[PDB]
Amino acid sequence: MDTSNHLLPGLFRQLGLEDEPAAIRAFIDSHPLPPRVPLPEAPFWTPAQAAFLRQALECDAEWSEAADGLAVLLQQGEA
């Protein structure tokens with residue numbers, strides 16, 4: 001439930017971003033989410049990729065720790 005999740009590299013390549021954990025933490029820092037708005041409800045992601053993320057939030061998938069472990073970072077970001 002963190003940036004050090006090796007699922008984030010693969011999840012970002014899936015969404016069309018870098019697998020570099022240094023770049024990954026920089027993307028989510030530069031573009032955070034409000035604690036009311038979760039990962040599949042983010043207008044930052046494209047509608048097909050957001051509905052694809054949503055599947056892991058609808059039912060516990062193999063991308064469960066990817067999507068959950070990312071969603072915590074966005075909603076519990078910076079100022």
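For the list (1) aliphatic (A, V, I, L, M); (2) in contact (Cβ under 8 Å) with a residue 40 or more places away in the chain; (3) closer than 14 Å to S64 by Cβ, I need the number of the one condition that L53 fails.
The number of the failed condition is (2).
In region 26-50, which residues are in contact (Cβ under 8 Å) with a residue 24 or more places away in the chain and in a helix (DSSP H, G or I)?
Hits for region 26-50 are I28, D29, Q49.
State all residues of region 1-19 that are free of Cβ contacts under 8 Å to residues at least 12 places away in the same chain, in a loop (DSSP other than H, G, I, E, B) and closer than 21 Å to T46 by Cβ; if no residue qualifies, say none.
Once the filter is applied, which keeps residues that are free of Cβ contacts under 8 Å to residues at least 12 places away in the same chain, in a loop (DSSP other than H, G, I, E, B) and closer than 21 Å to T46 by Cβ, region 1-19 yields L17, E18, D19.
In a helix (DSSP H, G or I), in contact (Cβ under 8 Å) with a residue 40 or more places away in the chain and among the hydrophobic types (A, V, I, L, M, F, W, C): does that describe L73?
Yes.
Output the residues belonging to region 56-70 that are touching a residue at least 40 places away in the same chain (Cβ under 8 Å) and in a helix (DSSP H, G or I).
Result: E65, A66, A67, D68, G69, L70.
Pull up region 6-62, narrow it to residues that are out of contact with any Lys or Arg (no Cβ under 8 Å at 6 or more places or on another chain) and among the acidic types (D, E), then point me to the one that is surrounded by the most Cβ atoms within 10 Å (Cβ to Cβ). Please lay out each step first, then the result.
Restricting attention to region 6-62, the residues satisfying the condition of being out of contact with any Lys or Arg (no Cβ under 8 Å at 6 or more places or on another chain) are 6-18, 20-39, 41-62.
From what is left, the residues that are among the acidic types (D, E) are 18, 20, 29, 41, 58, 60, 62.
Numbers: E18: 13, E20: 12, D29: 13, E41: 15, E58: 10, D60: 10, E62: 8.
In this case the residue turns out to be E41.
Being farther than 20 Å from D19 by Cα and surrounded by fewer than 16 Cβ atoms within 10 Å (Cβ to Cβ) is the filter here; which residues of region 63-79 pass it?
Correct list: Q76, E78, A79.
Don't worry about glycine lacking a Cβ; one is built from the backbone with ideal geometry, like all the others, and counts go over all protein chains shown. Bear in mind these aren't lab numbers, they're just calculated from the coordinates by the rules spelled out.
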